[PDB]
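1. Enclosed are the sequence and the experimentally obtained structure.
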Amino acid sequence: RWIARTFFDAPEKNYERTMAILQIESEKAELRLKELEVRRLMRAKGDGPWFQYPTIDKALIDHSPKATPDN
Amino acid sequence: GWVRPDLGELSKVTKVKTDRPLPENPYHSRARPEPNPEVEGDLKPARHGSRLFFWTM
């Protein structure tokens, strides 16, 4: 009882710590599987904000009176 | 008559009227393909850290 009083820990304490860490890493595994799903479908489709390689910016494309009337 | 046009009178960009209004898209252009759905809004902090193999928080 002296050992259990000054040295060891409560089984309720250890038990709830295990419950809490299982909750944490369950959320981590769910988010990781969701991450790989999102990445593969976004590379397949292209709608999402990630894999947008830089295309043309239309700042220099201008409408103006040219020389040749066919432009 | 016909006073000869001096320089620079054959210049000086000029307004004039027509009968038709100016038409849209003389470039026979289709509509826009797609808009980009704007990913905006304020950001939360890092959910459970890096979510790597470890290095949590």
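-> Perfect, I can see it now. Numbers count the residues shown, from 1 in each chain, chains lettered A, B, ... in the order given.
2. Skipping adjacent residues, who's closest to whichever residue of chain B sits closest to chain A in space?
-> Nearest to chain A in chain B, going by C-beta to the nearest C-beta, is residue B:39, at a distance of 4.5 Å. The way it works is simple: take the backbone N, C-alpha and C, and place the C-beta from them, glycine included. Once flanking residues are discounted, residue B:39 sits nearest to residue A:49: 4.5 Å by C-beta to C-beta, 6 or more residues apart in numbering or on different chains.
3. So what's the residue count around residue A:42?
-> Residues lying near residue A:42 (other C-beta atoms under 10 Å in any protein chain shown) number 14.
4. what about it, is that helix, strand or coil?
-> Put simply, residue A:42 is helix when judged by DSSP: H, G, I helix; E, B strand; the rest coil.
5. Check residue A:37 too.
-> Using three-state DSSP as the criterion, the local structure at residue A:37 reads helix.
6. Spell out whether the helix or strand where residue A:15 lies and chain B are in contact.
-> Following DSSP states H and E, one finds residue A:15 within helix A:11-45. Yes: contact of helix A:11-45 with chain B (C-beta under 8 Å from any C-beta of the partner chain) involves A:24, A:27-28, A:31-32, A:35.
7. would you list these in TSV and tack on distance to residue B:45 and neighbour count?
-> Converted to TSV, the residues of helix A:11-45 next to chain B look like this (distance: C-beta to C-beta, whole Å; neighbours: other C-beta atoms under 10 Å in any protein chain shown):
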residue	distance to residue B:45	neighbour count
A:24	15	13
A:27	15	13
A:28	15	18
A:31	14	12
A:32	18	14
A:35	17	11
